[PDB]
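In terms of PDB author numbering, the sequence shown opens at residue 22 and continues consecutively.
Positions of the beta carbon are idealized from the N, C-alpha and C atoms, including for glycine.
Reviewing the structure listed below.
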Amino acid sequence: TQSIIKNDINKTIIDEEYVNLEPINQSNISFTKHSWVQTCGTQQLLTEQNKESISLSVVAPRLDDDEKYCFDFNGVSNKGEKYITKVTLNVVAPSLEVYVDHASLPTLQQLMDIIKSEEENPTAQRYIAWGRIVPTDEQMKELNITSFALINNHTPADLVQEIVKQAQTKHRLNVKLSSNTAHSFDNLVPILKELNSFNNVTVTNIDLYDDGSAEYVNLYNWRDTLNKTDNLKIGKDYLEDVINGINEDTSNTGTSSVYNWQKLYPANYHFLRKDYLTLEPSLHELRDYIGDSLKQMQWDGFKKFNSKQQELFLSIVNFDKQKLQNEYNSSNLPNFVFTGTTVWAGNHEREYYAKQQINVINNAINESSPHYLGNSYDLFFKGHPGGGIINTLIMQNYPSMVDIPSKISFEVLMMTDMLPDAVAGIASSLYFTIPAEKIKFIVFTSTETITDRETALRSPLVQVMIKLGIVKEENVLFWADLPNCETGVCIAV
Ligand SMILES: OC[C@H]1O[C@@H](O[C@H]2[C@H](O)[C@@H](O)[C@@H](O)O[C@@H]2CO)[C@H](O)[C@@H](O)[C@H]1O
Ligand SMILES: Nc1ccn([C@@H]2O[C@H](COP(=O)(O)O)[C@@H](O)[C@H]2O)c(=O)n1
Ligand SMILES: [Mg+2]
Ligand SMILES: [Mg+2]
Ligand SMILES: [Mg+2]
């Protein structure tokens, strides 16, 4: 007439999911009549004793294609008021998203993918095996994450088993996979060779995010390859045979294997610096070969998040922005962030690494050095995520210094517009991305041996970083190379 009390419920809902929904929000509320009626949808879901309870109880059907189902509730209260509520169930394929990385860069990008996906795909389940970010149980619950411990930095057996159980248990399954690029082969292969025999599972996408500079060193060496295209095609058959189980030798985990995902699956390569495949003429073949799966890693994920998403993100990466802003604020002096490094597979080297980085910081803040920033600065430190005892040694050398928790990827400071006035430090993937104008100087690693300059410049990382226009050859600095500031006066070598 219409004093009929209307309500509308909309839900999404995977195959075989149980649903129990209250039609009304008036309390009690007590009904004389009602009726439940399936009103759209092809499979019949209302089983007669369903209809007789006031809350709606149904099991989503097994489907081949997503489909909407409709149910109309009508009631007359004892009062005797009329109610009508229209219910829509969007039934969608069960889906899985798997993300694996032991490093920093890929894990950061995967995090941003998860947060976006929690909005776009609420019913997706998410499995992570991460080394350097650990969400709380609350955060996991909020993002539908189950977590798994990396073994030898790679996909663990228990992650694979859990994926197998989903394949066995879900009637159709969409899977997305995401990995560290350099380490794809050991992260994804054990998963893909299980899933390969499951006809109900569709691998809809594989995302590859660069470890960082590591893949560029590899590509720099791989420039030498004769018959690149031949090697890559042999790469496809090899990878194909390994996943099919036809070939048992799972040993060629490197370059010619890692750039074939797109030949076997829908896949996207998110390059830290896509332009490297163009800047190096000899890699044009590889650029051709990756074709329209070649993407540039994006840094607008944070900006594109809504404000709740931005908070959840900062909270998961443990960045307290307001606290850093306070610290910036605070002193008259402009702010300087020194970015540190770590040694992989060289624990015997890390005290030497600490002592050298202390010397690099000293060069920046000591007037008796040509690398002097030019003014007094408040001193800030970032911490290599894997720096461990290197970070504590550097930290206790400076009373004085403010940490930037080392676990925070530096690019989140870029994305949050929390870059200081000056940044300098050790050669790192972070310099592949940070705007040139912020960089005061970059310093490359030296061993206790060389110290010779000509062949020091030969180092792949140096040649990458030159080619990318990050640094100019005539200005490359090596630790050793730099004046010794340890006594308080900077003395030339
Ligand atoms: O950029 C990350 C590099 O990690 C190296 O692995 C380290 C690992 O990160 C650390 O947590 C511990 O397990 O020591 C490992 C030994 O090197 C990889 O070896 C390297 O390839 C990079 O991915
Ligand atoms: N001082 C540093 C060094 C590295 N990192 C993080 O680790 C990633 C890989 O850096 P490296 O090339 O130094 O290993 C960087 O992109 C950045 O996310 C950092 O946040 N702070
Ligand atoms: Mg990690
Ligand atoms: Mg070239
Ligand atoms: Mg200040």
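Local Cβ density within 10 Å of residue i, reported as buried at 16 or more and exposed below that
| i | result |
| --- | --- |
| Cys506 | buried |
| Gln378 | buried |
| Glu432 | buried |
| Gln65 | exposed |
| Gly490 | exposed |
| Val222 | buried |
| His305 | exposed |
| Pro44 | buried |
| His123 | buried |
| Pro406 | buried |
| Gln319 | exposed |
| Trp365 | exposed |
| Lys186 | exposed |
| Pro127 | buried |
| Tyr290 | buried |
Residue i beta carbon near ligand 1 (any heavy atom closer than 8 Å)
| i | result |
| --- | --- |
| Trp365 | yes |
| residue 540 | No information on residue 540 is available, as it lies outside the stretch 22 to 514 that the chain covers here. |
| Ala235 | yes |
| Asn208 | no |
| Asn174 | yes |
Backbone CA spacing between residue i and residue j [nearest angstrom]
| i | j | result |
| --- | --- | --- |
| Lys295 | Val464 | 24 Å |
| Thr271 | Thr362 | 32 Å |
| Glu388 | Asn496 | 20 Å |
| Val210 | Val263 | 8 Å |
| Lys249 | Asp313 | 18 Å |
| residue 18 | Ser278 | An answer regarding residue 18 cannot be provided, because it is not within the stretch 22 to 514 covered by the chain. |
| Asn273 | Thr202 | 14 Å |
| residue 518 | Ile471 | Absent from the structure is residue 518, since the part of the chain shown begins at 22 and ends at 514. |
| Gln182 | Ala375 | 41 Å |
| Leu194 | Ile184 | 10 Å |
| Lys27 | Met161 | 36 Å |
| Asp321 | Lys137 | 12 Å |
| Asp87 | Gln131 | 26 Å |
| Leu180 | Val196 | 14 Å |
| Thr176 | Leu440 | 34 Å |
| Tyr349 | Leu498 | 28 Å |
| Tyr452 | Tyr148 | 30 Å |
| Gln23 | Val79 | 29 Å |
| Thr225 | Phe206 | 18 Å |
| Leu434 | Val238 | 26 Å |
| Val514 | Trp500 | 11 Å |
| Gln346 | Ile30 | 43 Å |
| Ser421 | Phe401 | 9 Å |
| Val492 | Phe334 | 32 Å |
| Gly62 | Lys89 | 6 Å |
| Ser352 | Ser449 | 29 Å |
| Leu414 | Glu261 | 47 Å |
Ligand 2 heavy atom lying under 8 Å from the CB of residue i
| i | result |
| --- | --- |
| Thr202 | no |
| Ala443 | no |
| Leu345 | no |
| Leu451 | yes |
| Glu432 | yes |
| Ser427 | yes |
| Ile447 | yes |
| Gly256 | no |
| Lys191 | no |
| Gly404 | yes |
| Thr144 | no |
Proximity test, residue i beta-carbon vs ligand 5 heavy atom, cut-off 8 Å
| i | result |
| --- | --- |
| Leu164 | no |
| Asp399 | yes |
| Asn356 | yes |
| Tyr349 | yes |
| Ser421 | no |
| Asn396 | no |
| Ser352 | yes |
Residue i beta carbon near ligand 7 (any heavy atom closer than 8 Å)
| i | result |
| --- | --- |
| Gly407 | Only ligand 1, ligand 2, ligand 3, ligand 4 and ligand 5 can be found as ligands here, which leaves ligand 7 out of the picture. |
For the structure I just gave you, are there three or more beta carbon pairs, one from the segment 213-226 and one from the segment 241-259, closer than 8 Å? no
Does the structure place the segment 35-54 close enough to the segment 63-83 that three or more beta carbon pairs sit under 8 Å? yes
Touching by the beta-carbon criterion (3+ pairs, under 8 Å), the segment 105-120 and the segment 89-96: yes
By C-beta, the residues closer than 7 Å to any heavy atom of ligand 3, given in chain order: The set of residues with CB atoms less than 7 Å from any heavy atom of ligand 3 reads, in chain order, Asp122, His123, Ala124, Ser125, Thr128, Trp151, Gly152, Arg153 and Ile154.
Do the segment 141-161 and the segment 112-121 touch if we need at least three Cβ pairs shorter than 8 Å? yes
If you pair each beta-carbon of the segment 335-353 with each one of the segment 298-318, do three or more pairs fall below 8 Å? Three or more beta-carbon pairs separated by less than 8 Å are not found between the segment 335-353 and the segment 298-318, which leaves the two stretches without contact.
Evaluate contact between the segment 393-407 and the segment 482-498, counting only Cβ atoms and requiring at least three cross-stretch pairs below 8 Å. Counting Cβ pairs under 8 Å, fewer than three are found: no touch.
Report yes or no: do the segment 54-72 and the segment 152-170 share at least 3 C-beta pairs separated by less than 8 Å? no
Any heavy atom of ligand 4 nearer than 6 Å to the CB - residues listed: What you get when you keep residues with a C-beta closer than 6 Å to any heavy atom of ligand 4 is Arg244, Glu301, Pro302, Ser303 and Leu304.
Would you say the segment 223-233 touches the segment 149-160, given that touching needs at least three Cβ pairs under 8 Å? no
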